[PDB]
Amino acid sequence: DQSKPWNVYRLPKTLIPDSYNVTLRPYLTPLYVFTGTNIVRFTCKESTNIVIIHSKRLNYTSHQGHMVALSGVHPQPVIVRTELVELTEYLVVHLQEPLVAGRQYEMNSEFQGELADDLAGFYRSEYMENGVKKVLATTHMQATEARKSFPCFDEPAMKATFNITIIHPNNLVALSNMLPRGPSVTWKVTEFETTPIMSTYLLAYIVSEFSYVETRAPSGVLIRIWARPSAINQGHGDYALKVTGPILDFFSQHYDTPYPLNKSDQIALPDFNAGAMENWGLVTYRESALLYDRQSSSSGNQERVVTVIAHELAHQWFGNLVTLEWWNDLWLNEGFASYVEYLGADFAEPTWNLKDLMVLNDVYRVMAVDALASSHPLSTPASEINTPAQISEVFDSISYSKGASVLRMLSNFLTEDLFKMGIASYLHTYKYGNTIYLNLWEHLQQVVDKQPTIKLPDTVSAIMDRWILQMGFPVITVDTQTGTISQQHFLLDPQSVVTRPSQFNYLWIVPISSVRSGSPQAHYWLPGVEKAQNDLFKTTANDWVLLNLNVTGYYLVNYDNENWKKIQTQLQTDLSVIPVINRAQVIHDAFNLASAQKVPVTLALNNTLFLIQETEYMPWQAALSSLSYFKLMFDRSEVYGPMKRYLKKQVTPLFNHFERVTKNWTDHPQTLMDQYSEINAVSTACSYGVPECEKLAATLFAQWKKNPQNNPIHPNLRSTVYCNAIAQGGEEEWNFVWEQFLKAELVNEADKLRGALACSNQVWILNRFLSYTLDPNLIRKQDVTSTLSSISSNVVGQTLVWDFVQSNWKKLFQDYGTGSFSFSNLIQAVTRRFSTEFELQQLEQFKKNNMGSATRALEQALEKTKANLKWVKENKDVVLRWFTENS
Amino acid sequence: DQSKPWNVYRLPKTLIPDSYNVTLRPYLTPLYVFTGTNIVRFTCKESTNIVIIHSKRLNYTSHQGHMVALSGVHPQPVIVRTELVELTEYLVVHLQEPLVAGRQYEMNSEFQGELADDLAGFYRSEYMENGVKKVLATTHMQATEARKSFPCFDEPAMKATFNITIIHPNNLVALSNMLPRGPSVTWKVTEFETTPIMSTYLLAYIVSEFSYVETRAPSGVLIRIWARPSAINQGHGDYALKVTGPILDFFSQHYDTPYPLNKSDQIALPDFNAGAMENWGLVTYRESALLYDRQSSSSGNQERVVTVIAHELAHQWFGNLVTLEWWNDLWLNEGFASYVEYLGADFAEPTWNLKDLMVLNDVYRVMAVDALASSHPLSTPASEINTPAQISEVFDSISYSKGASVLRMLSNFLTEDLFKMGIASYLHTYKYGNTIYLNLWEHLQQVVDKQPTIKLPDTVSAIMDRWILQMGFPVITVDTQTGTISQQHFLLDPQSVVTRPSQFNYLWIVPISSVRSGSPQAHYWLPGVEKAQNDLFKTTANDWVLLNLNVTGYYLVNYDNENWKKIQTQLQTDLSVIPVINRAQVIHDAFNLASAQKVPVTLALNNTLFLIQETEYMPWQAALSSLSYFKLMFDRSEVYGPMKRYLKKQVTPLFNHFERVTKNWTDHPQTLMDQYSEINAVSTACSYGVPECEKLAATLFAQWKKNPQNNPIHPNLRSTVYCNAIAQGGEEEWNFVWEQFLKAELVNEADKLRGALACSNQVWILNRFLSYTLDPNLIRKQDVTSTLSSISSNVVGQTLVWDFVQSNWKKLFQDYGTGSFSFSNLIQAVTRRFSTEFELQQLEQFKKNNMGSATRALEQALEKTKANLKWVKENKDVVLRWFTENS
Amino acid sequence: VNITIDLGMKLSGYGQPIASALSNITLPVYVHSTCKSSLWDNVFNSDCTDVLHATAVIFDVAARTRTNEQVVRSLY
Amino acid sequence: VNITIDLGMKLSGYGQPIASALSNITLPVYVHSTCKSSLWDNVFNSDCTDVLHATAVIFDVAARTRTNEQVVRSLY
Ligand SMILES: *[C@@H]1O[C@H](CO)[C@@H](O[C@@H]2O[C@H](CO)[C@@H](O)[C@H](O)[C@H]2NC(C)=O)[C@H](O)[C@H]1NC(C)=O
Ligand SMILES: *[C@@H]1O[C@H](CO)[C@@H](O[C@@H]2O[C@H](CO)[C@@H](O)[C@H](O)[C@H]2NC(C)=O)[C@H](O)[C@H]1NC(C)=O
Ligand SMILES: *[C@@H]1O[C@H](CO)[C@@H](O[C@@H]2O[C@H](CO)[C@@H](O)[C@H](O)[C@H]2NC(C)=O)[C@H](O)[C@H]1NC(C)=O
Ligand SMILES: *[C@@H]1O[C@H](CO)[C@@H](O[C@@H]2O[C@H](CO)[C@@H](O)[C@H](O)[C@H]2NC(C)=O)[C@H](O)[C@H]1NC(C)=O
Ligand SMILES: [Zn+2]
Ligand SMILES: [Zn+2]
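Protein chains in written order, with the authors' numbering: chain A, 64 to 93, 98 to 140, 144 to 255, 262 to 927, 932 to 967; chain C, 64 to 93, 98 to 140, 144 to 255, 262 to 927, 932 to 967; chain B, 536 to 563, 581 to 610, 644 to 661; chain D, 536 to 563, 581 to 610, 644 to 661.
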């Protein structure tokens, strides 16, 4: 019944809040609960005889017979009734007379909620410190969960000031968005300064017993890092404090706007499944992603720390100072951060070349899921998102990765200076307000029109419509004999049917750069037509072309066979002419086009022949990511013989190179890219039976076992050394690693040891490990599925894990299928080797004998198995011939 | 309709043959067929008006309108009709008048049969010599297959002389039972001298192109060994010729009767599935069991050759000179040979100690199947065997092994001299005749009554009735605190129900020897009662007793726990006091009693603790045979960790011992027992991860691969070295062994290489081998199942083989389940590791989805799986505790 | 004069002594060599063992081990 | 006098030279040593290689290899 305004999921536009007074009093003593009082001041834009305000699971106290009290700021309203609507999470107050427009009113309430163990609203986190168990009270009120803590107009467009007060035990400390107003005076009261105009989902307050390390920037901003006292004493928060300042300075210069606040607190929590939340002034991280230990952490951990810090600090301007009008534009916010973090990180670590990793981290990660008929566009109308489940549905990998990709492309074809000027104008115009993406497009268009240098085929909004209103990306095919260029909607499945209509008929307006034999050409625009012709893409018998430079565009590229051969010849002649990003791009595009049956698989295999002289990390990473599917499909057949041989032939020089560079593995590289390349070289050499790598792993494991107190193995090589030593050895090595794992205190080292324990080649050892996984005292619940997946990665353990899962189906579903997606990931991970008819028949029989989401996962596995069977039957002979001829 | 005499499976007692004239003319040129003519002279004991004679698939030619012609030796009978009864395999001739009693008659016939590829009657064998294919014509007429070649009274009690004539091409040679009468004069006619009085199933004649090596014994007997000309030229028949003479001399002295014939021909055939047939004067072997190569054959092959020669030469007196009256006494014949072969072999190889192996070869082999409720007695009434299928059913392992065991026991408690005297009297009295076992019992009783030294509790027949008329064997339990002795029917299944009634209520009259602390006692007789008491079995706190000396009796022995502990202490103190056969006996009996839940399994495990100082072969062989079941049940669980360790601890000294004895594996032992012990030591050390054995195998494999032309590895160690090198190595070793296997010309070396190819630890290599097994050009059909079984023995290959069999069920059943028992053995071999409920459910589902003999094999596998599951669930914890405490 | 060389030795991944380039030289012609061992973290807080024992020799200042000599620094 | 020793050498399973006890000595005081190699079949029809090279020395007549001396026979 949509006639009643309290049955509508969207809040009425009649009342606008101005300020809040929230008082909270957590009760950490257990049936954990909290109590509070709240005051809301609001203005009635239009006359109305009803007040609707969000409220979720709050017990109120009777005030003159009603749950809340209302007064003016005096025709005092008379509350006829007050009720709770649980479906729409509302609190409805009926007034005997309409409210006078242009007048301000105050509503007081006193409520009592629960501090539950669910990470929503005001909740509690229980952790283990030393031998004792400690409890903290923290808030995660993103999206639509601030109503769970106190009654408010819980919509992002509703912006108001806040006055926070906390009542906490003397033994604890309280943190909020702003600085405390002064000293806190068995219970103490802490009051905080008034927040600026902000949204409800950006508020936070935490009561805990934590220590901090502090510093002051030359700009005057006080930067604090909060963690457990032990971690602070050990110095695990020094790197974050060191890198926070430069990132803030870079964002102040880049946005051309000073930091809006006075303090910057970043707090690490022992258990935080959300990862990170960009609360204004008090950012919350998980301790596994914010704390860095210089004794047991690898380079990947350091890169993750710096990138997550940059990503969360980017939101302080773009997302908090200017907020989205409604949850349908979220892709613009998150994606923007997902693009600028690298830039910020690139300022903090100039020598790491971080901006090159984004492709491997984002573009190639999203093109896997965007090349399916089940994809969706970035932008949707606001009327299609009303339910909180619909609101939660928009937080997906598309909104982050593809938004970052399209914003990076837009920044590249508009130049960095114009992009920064438009961003600065947009931030200045709409500070402390709400916007839509059309406003940003208008500001960028204004900046473009004020300069004569850059010319576009159309307006910014018209170009961006092709990339935000329809799903997928194009593949651009070039014929260099005549110079013809065409575009087509790319799909990984050649026999896929797209049923989602598009207003543009899946045609894009494409920006295209290129080089001719390493010499830059003029920029080109594909104007939104299916086919075109130009002389920039016409070549003679000597020269060649290559289009997507540094992969700044969100599309694939395909050439004719002669151009591919010329590119391969150039790669075999001089690598330095072609940029390394494009050296990875050729491999990635060739394999993806082979999967779509647009080029023969032999061309994709030919594109990997230059790796025998490549010392960079990205081409090797792309090739190994592409060949993982081949390894999965052929590790139990005769094709695995030659294939390994070929890979060994390709990896022997690279390993040797590092053996010469590192001085027999004593001095290790200082740059991130070289460290990644060394890790890749050692891992691949040990995986494909290079004797030197096995000798190195055995010697390092012997040195470690001689003196377990001090680990002589560098943290970058520990996983490979452990796994290879366990694979080579027997029960003694496995027992030593298991004993080390049982006494492990840190998390990264324990994870490395647990992953290494799954590399055994003995059936009985793997079965004993599977038996160990059933005991919570040995293996934690949250790791169990991961362990199973690792054991499934072993070719020996495939059948063992499948039998174990089939035997323990009910217990696994009960423990991990109630409300988590881990069960679906486990099902997908243990069935990805199925490529035969016998396995398909067995899976169908199991499904027939086991008839919620488990059946859907089984059906998806059946479809994947059918596809794998067809692909293997179609490609086995030709891939075997190629591997035999080239090994 | 049993009223008609031609519907009765037993031949009438009215006509008795005297002599035959058989003429044969094989046609080796192909639709292979043969023609012949036959004359039978017979006497009519009683007047009759019908002639019935065996005939199977013979086309006759009309003689005055009838198939055969009959005449006197003159009231000529008039043949009213002549017909063939296919059900009873008869030829019926109706005479117008009854035959006069006391008169002799002659029946002439001319027939034409087929030389088929089935080893029955007169058939053909096709083999490959060099690159060509050659054909020979040979006969296998054992049991009831002489009727398939020519009409005759085909019963063993029907004895007559024979005159054989053969018509063969000039390029071939013909062999028969007797010497040719002279020179053979495009076709030649060979006539042979008249045979003595013999049976039809002992006749043989072979036409082929073979070479021979000849010798003459001092007794004047001409001994010939026939084989292919290549094998004779290479000298592969020298060992058989060398050992034939001494065995004949030993049998002449032992039987106290000279060799009945003048010549002794032994011929080896390339394809002979029967193994060996004891045709009088012309013994037929398979070439894999008669020919010995001093360059590629091990000691097991030599032992097999000498034992099979002795077994077949024993039949020349016992079985041919005196024959069974009917096929219900066959156990007496075969068993006798199965006992005396060792004796004969012991004369040919004095230093081999062959008579000790019989136990391991026979007794322990038959007690496995005789301890089941489905067993049957040795002796059955003659009226229960009439059908030729029933006749073929009596050729089972019981009749050989248990007959040999009971005859050995009888010979031992009657002393060798009296046994030989009785055998000589029996042979002299009934030469050229037929007997029953009662005649032999009467002769033995006569010999016993003529001497005062040996006294028996009853007659020989009364004692032997307990052992030939009821199935199974007893277990004798001794209580040494009071000296009480009891007997009970032993069964391996504690919850088994015996439904076969016994007239003696399963009570035996048992001969019992014993020692007291190594000092012989007086012989004792258990008189056929359930319980008794005697002071021979009463011991104090210091002494101990041990009963079945050299295991001459067919029963098990059980003691009280104190006596077991004293025996174990003696074994840990001085092994030499207890004979080696009894040292194996204690282990065997303890494990069998543990399986029947009469002693704890910990006692059986305690009985193996003395092997750390044992250098003999039989105790180790018994222990490993007992522990094979433990390895099958525990090789995929946590129990396999300690168990291997324990075995390693037990096997390290023995290996070291031989390493010192052989001078770092350069000089090898010359005695059979020491060679077996060395093979066992090397195999067990390499199987359980002794580093020295692995180094030895790797070094020997490297030496072999350096110079493949000459194999430097001694033939005794080749299988272990090959398997261990393949297990340690990777694809290179496997490829080298596969290439050697493809070019192998001999059979033993090819079998060793094929067995070694299944020791790989790589999944893809095993799958490629399984794919290879589908091609007849690579793996022969007759080996395929064996290969699968070998791949099933690998712990990695268990699941692979099971999946392969499930996927190729129909083809395997068609190729090996039509008329062969190989399919049932394959099914039993690939399912013997099943001990879990998941495997049982999977097997039941497969059976339900696959519904002849295949279902019976699946049901037997289900029963075995249930038993294994129960045993594992009952014993896992205690065996794990014992292995952890003793490793 | 009294020249002191603080050599830094590491154990390679194959188990070999390697002279680190982080060795120090002081010039306040006797030569005094002091050996210090370390791990991947480059913390020379452990005295050299028998295996990782080197003597400073001499232009280029090198470290003579039991089996070879490795150039550490140059005194130019 | 002119004493001749025909030594027989074998390669062990570990790859070591072993002096066989089947060596021969002839006494028809110079000593002439002739080396012959063989396999498990004990057929000394191959000339000794560099690895399986021994010199007859002298009572007990032994075979001195490159690394040890092994007693072959005794001339008693
Ligand atoms: C929250 O606290 C702030 C001060 O920290 C209050 O702002 C003041 O409010 C008073 C009373 O209306 C005004 O007279 C002052 O001028 C305000 N201070 C300013 C604008 O700097 C604010 O009203 C409080 N929120 C409430 C009561 O809802
Ligand atoms: C991958 O490379 C191979 C090897 O160069 C290509 O095969 C050659 O093709 C050319 C014609 O372009 C022939 O002249 C050669 O004889 C071929 N060499 C062979 C088969 O060894 C192959 O075409 C490439 N695959 C592609 C382009 O898909
Ligand atoms: C088989 O041949 C033998 C001779 O090798 C025959 O025996 C002779 O038969 C003739 C004719 O009856 C007698 O006169 C001789 O005395 C026999 N020789 C002896 C007994 O040494 C025998 O009869 C032949 N079998 C037949 C014809 O069925
Ligand atoms: C197997 O041997 C063990 C070890 O000797 C026996 O266990 C011992 O039993 C005696 C009593 O006979 C105790 O005094 C010891 O303490 C036991 N030792 C242990 C448990 O380590 C065990 O009884 C034997 N098993 C049998 C006879 O079945
Ligand atoms: Zn974000
Ligand atoms: Zn026999």
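Heads up, the beta-carbon is just placed ideally off N, CA and C, and yes, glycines get one too.
{"Query": "Quick one, are the C-beta atoms of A666 of chain A and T399 of chain A less than 9 Å apart?", "Result": "no"}
{"Query": "Compare the C-beta of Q726 of chain C against all C-beta atoms of chain A and say whether one is closer than 9 Å.", "Result": "no"}
{"Query": "So for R441 of chain C, helix, strand or coil by DSSP?", "Result": "helix"}
{"Query": "Residues of the region 542-559 of chain D in Cβ contact with chain C at a cutoff of 8 Å, in chain order, please.", "Result": "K545, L546, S547, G548, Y549, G550, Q551, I553, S555 and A556"}
{"Query": "Determine the chain A residues that contact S883 of chain C at a beta-carbon separation under 7 Å, and present them in chain order.", "Result": "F914"}
{"Query": "Short of 7 Å in beta carbon distance, which residues of its chain neighbour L562 of chain D, apart from the five on each side in sequence? Order them along the chain.", "Result": "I538"}
{"Query": "Just to confirm before moving on: does the CB-CB distance between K725 of chain A and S364 of chain A stay below 9 Å?", "Result": "no"}
{"Query": "Three or more beta-carbon pairs under 8 Å between the region 634-649 of chain C and the region 613-623 of chain C, yes or no?", "Result": "yes"}
{"Query": "Can you tell me which of the three DSSP states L397 of chain A falls into?", "Result": "coil"}
{"Query": "Would you call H584 of chain B buried or exposed, if buried means 16 or more other Cβ atoms sit within 10 Å of its Cβ?", "Result": "exposed"}
{"Query": "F423 of chain C by DSSP, collapsed to three states: which one?", "Result": "helix"}
{"Query": "Suppose you measure from the CA of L279 of chain A to the CA of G357 of chain A; what does that come to, to the nearest Å?", "Result": "9 Å"}
{"Query": "Does ligand 4 have a heavy atom nearer than 8 Å to the CB of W741 of chain A?", "Result": "no"}
{"Query": "Please list, in chain order, the residues of the region 709-726 of chain C that have any C-beta partner in chain A closer than 9 Å.", "Result": "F710, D711, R712, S713, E714, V715, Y716, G717, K720 and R721"}
{"Query": "Who are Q65 of chain A's beta bridge partners in DSSP?", "Result": "None; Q65 of chain A has no bridge partner."}
{"Query": "Where does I539 of chain C fall in DSSP's three states?", "Result": "helix"}
{"Query": "Taking 9 Å as the CB-CB limit, is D599 of chain B close to chain A?", "Result": "no"}
{"Query": "Kindly examine ligand 3 and report whether one of its heavy atoms sits closer than 8 Å to the Cβ of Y83 of chain C.", "Result": "yes"}
{"Query": "For the pair the region 506-525 of chain C and the region 593-602 of chain C, tell me if three or more CB-CB distances fall below 8 Å.", "Result": "no"}
{"Query": "Please identify, using Cβ separations under 9 Å, the residues of the region 300-314 of chain A that lie next to chain C, in order along the chain.", "Result": "none"}
{"Query": "Considering only the alpha carbon of each residue, which of A:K674, A:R830, A:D405 and A:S487 lies closest to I530 of chain A?", "Result": "A:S487"}
{"Query": "Going along the chain, which residues of its own chain have a beta-carbon closer than 8 Å to the beta-carbon of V445 of chain A, five neighbours each way excluded?", "Result": "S451, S473 and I474"}
{"Query": "Taking the straight line between their C-alpha atoms, what separation do you get for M353 of chain C and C222 of chain C?", "Result": "21 Å"}
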